[PDB]
There are 6 protein chains.
Amino acid sequence: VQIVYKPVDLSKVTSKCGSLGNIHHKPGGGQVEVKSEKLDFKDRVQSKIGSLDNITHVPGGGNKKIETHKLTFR
Amino acid sequence: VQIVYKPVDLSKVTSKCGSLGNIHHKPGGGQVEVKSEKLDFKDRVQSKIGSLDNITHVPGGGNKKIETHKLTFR
Amino acid sequence: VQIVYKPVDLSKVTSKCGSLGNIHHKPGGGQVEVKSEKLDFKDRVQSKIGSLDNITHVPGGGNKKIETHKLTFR
Amino acid sequence: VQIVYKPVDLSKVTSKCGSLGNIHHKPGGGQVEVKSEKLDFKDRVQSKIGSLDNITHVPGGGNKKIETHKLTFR
Amino acid sequence: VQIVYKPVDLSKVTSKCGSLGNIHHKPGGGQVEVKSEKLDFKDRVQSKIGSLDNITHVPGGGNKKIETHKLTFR
Amino acid sequence: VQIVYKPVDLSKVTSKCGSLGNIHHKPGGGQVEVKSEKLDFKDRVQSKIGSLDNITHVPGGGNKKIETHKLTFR
């Protein structure tokens, strides 16, 4: 056997922007209620129960570049 | 067997920005209620129960670059 | 067997920004209530119960670069 | 001239009630905005401008009895 | 001239009640904004501007009895 | 001239109540903003500007009895 692997990138991921400027995030309130009895959870679990949650995310550049490799072999 | 692996990057991830400027994040309140009896959790668990949570995330550049490799072999 | 591994990066992750400027994060209050009886937790567990929590995260550059390798072998 | 006035009451205003019991008043939030320039007001004025207001009025007896007289004369 | 005035009351205003009991007043939040320039007010004025206000009024008897007289004469 | 005035009351205003009991007044928060330039006020003025205000009024008997007279004469 012979194996070779060479994922070249000259990749570019880019933004020009003049001004992010006037951004008003202004949420009025709210009401949440959850009931239960028993809660089991097991192995890989991401839960939220009964959340009231506001965000304001203003990156001046948000150029995510996700990349993955797997040369699995038996 | 012979194996070779050479993921080259000349990758670039970039932002120009002039001003982040006026950003007003101004949340009014709220109300949360959770009930339960029993809560089991096991192995890998991320939980939130009964949260009220505000964020304001203003990076002047947010150019995440996630990268992963796995040359698993048997 | 022969194995070789050479993930080269000349990678770059970058931001120019002129001013982060006027940022007002101004949350009004709130109300949370959680009830339970029994809480078991085991192995790897991240929990929050009954949180009310505000953040303001203004990095002048936030260019995370996450990278991972695993040449597992048997 | 002769004038006489004798509004007799043996009036009765009444309530029996066994229990006022389970009353849940649970309003989620809201958002109000008012604009103006000039506001004049004069003589007898009752105003509200830009209100967000909740009530819960549970009298165990609410037997108002309004009564008025006026023997005006010239 | 002769004038006479004799508003008799044997009036009664009444309530029996066994229990006022479980009363939950639980308002989630909210958001108000008012703008103006000039505000004049004159003579008898009751104003509210930009209120966010909750009440819970549980009298165990609320038997108001309003009464008024005016024998005005010239 | 002769004038006479004799508003008799044997009036009664009353409440029996067994128990005022479980009363939970539990307001989550909120947000108010008022702007102006000039504020004139004159003669009899009751104002509130920019209030956020909660009450819980639990009288065990609230039997107001308002009464007024005016034998004005010229």
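Throughout, chain E uses Swiss-Prot numbering, with the displayed residues spanning 623-696 in order.
Per deposition record, electron microscopy, 3.1 Å.
Just so you know, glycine gets a Cβ as well, placed from its N, Cα and C.
When the residues E:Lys657, E:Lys664 are compared with Swiss-Prot, the one annotated as glycation site is E:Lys664.
Noted from Swiss-Prot: of E:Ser633, E:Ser673, the annotation phosphoserine belongs to E:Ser673.
On the backbone, the CA of E:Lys628 (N6,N6-dimethyllysine) and the CA of E:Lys692 (ubiquitin cross-link) stand 13 Å apart. In this structure, the CA atom of E:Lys686 (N6-acetyllysine) is 25 Å away from the CA atom of E:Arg666 (omega-N-methylarginine). Residue counts for the repeat 'Tau/MAP 3' (E:623-653) under DSSP (helix as H, G, I; strand as E, B; rest coil) come to 0 helix, 10 strand, 21 coil. Cα spacing between E:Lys660 (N6-acetyllysine) and E:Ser669 (phosphoserine): 15 Å, rounded to the nearest whole number.
Remote same-chain partners of the repeat 'Tau/MAP 3' (E:623-653), defined as residues 6 or more beyond its termini with a Cβ less than 8 Å from a stretch Cβ, comprise 674, 676, 678, 680, 682-683, 685, 687, 691, 693, 695.
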